[PDB]
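Source file: data_17.pdb; contents: PDB, C-alpha atoms.
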ATOM      1  CA  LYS A   1      85.628 135.653  95.766
ATOM      2  CA  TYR A   2      85.471 132.700  98.156
ATOM      3  CA  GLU A   3      85.514 134.592 101.456
ATOM      4  CA  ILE A   4      82.203 136.440 101.750
ATOM      5  CA  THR A   5      80.632 135.566  98.399
ATOM      6  CA  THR A   6      81.020 131.852  97.680
ATOM      7  CA  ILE A   7      81.701 131.246 101.371
ATOM      8  CA  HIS A   8      78.068 132.111 102.091
ATOM      9  CA  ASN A   9      76.714 131.092  98.686
ATOM     10  CA  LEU A  10      78.219 127.621  98.280
ATOM     11  CA  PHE A  11      78.530 126.958 102.013
ATOM     12  CA  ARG A  12      75.186 128.391 103.121
ATOM     13  CA  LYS A  13      73.960 124.794 103.303
ATOM     14  CA  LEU A  14      76.712 123.859 105.758
ATOM     15  CA  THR A  15      76.812 127.164 107.640
ATOM     16  CA  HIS A  16      73.127 126.635 108.420
ATOM     17  CA  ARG A  17      73.510 122.882 108.910
ATOM     18  CA  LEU A  18      76.988 121.593 109.758
ATOM     19  CA  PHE A  19      79.456 124.400 109.054
ATOM     20  CA  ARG A  20      82.441 122.815 110.798
ATOM     21  CA  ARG A  21      80.650 119.903 112.467
TER      22      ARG A  21
END
Now that the file is in, can you turn its structure into structure tokens?
Amino acid sequence: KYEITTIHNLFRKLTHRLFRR
């Protein structure tokens, strides 16, 4: 559950800020 669930729930901060950067 860490592909589309936690990936956008616990990474939303990075995805919107510095996903890979």
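Of note, CA of residue 21 (chain A) and CA of residue 5 (chain A) are spaced 21.1 Å apart.
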Emit as lines of an AutoDock Vina configuration file the padded axis-aligned box for all listed atoms of region 5-13 of chain A, 5 Å per side, with centre and edge lengths in Å to one decimal.
center_x = 77.8
center_y = 130.2
center_z = 100.5
size_x = 17.7
size_y = 20.8
size_z = 15.6
Would you list the contacts of residue 6 (chain A) as a PyMOL selection string, taking every protein, DNA or RNA residue within 12 Å and counting only C-alpha atoms, but skipping same-chain residues closer than 6 positions in sequence? chain A and resi 12-13+15
For the residues selected in the previous step, produce a file with C-alpha atoms as an mmCIF file, keeping the file's coordinate frame.
data_model
loop_
_atom_site.group_PDB
_atom_site.id
_atom_site.type_symbol
_atom_site.label_atom_id
_atom_site.label_comp_id
_atom_site.auth_asym_id
_atom_site.auth_seq_id
_atom_site.Cartn_x
_atom_site.Cartn_y
_atom_site.Cartn_z
ATOM 1 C CA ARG A 12 75.186 128.391 103.121
ATOM 2 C CA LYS A 13 73.960 124.794 103.303
ATOM 3 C CA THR A 15 76.812 127.164 107.640
#
